[PDB]
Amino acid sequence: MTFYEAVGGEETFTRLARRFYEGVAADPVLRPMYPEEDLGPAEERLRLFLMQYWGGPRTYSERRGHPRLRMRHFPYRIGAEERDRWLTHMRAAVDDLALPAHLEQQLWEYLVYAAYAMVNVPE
């Protein structure tokens, strides 16, 4: 019984990636930063990544290799502003998930830390 299975498995992340990406999609600043006309495959990459990370299927890494996230975000201008907006849509996406307090909190803390860590603009 992993964290993965406990929070609701695959359909929880689908829900989370989906709700996060609607928030991202409708963001004046974040949206033009996702350089795809179609945001479907980006959603998908997130969904899979989160699954894998929390102890679900290793699909992400069998499709793309290692996550090396800080490396993969290297092309992008991720400063305090971009991070804070990313967070706003994650919070909203986590909230809608309506997970039990402790499971919510662990997932949130991770997401917070990871974004804080993703900031890569010497500033």
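Residue numbers here begin at 1 and follow the sequence given.
For the pair 33-41 and 47-55, the mean B factor over Cα atoms is greater in 33-41. In this crystal structure, the stretch out of 104-112 and 8-16 whose C-alpha atoms carry the higher mean B factor is 8-16. Annotation for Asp27: CA B-factor lies in the middle third of the chain's modelled residues. Compared with the other modelled residues of the chain, the Cα B-factor recorded for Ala98 ranks in the highest third. When all modelled residues of the chain are sorted by CA temperature factor, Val121 is found within the middle third.
Compared with the other modelled residues of the chain, the Cα B-factor recorded for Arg68 ranks in the middle third.
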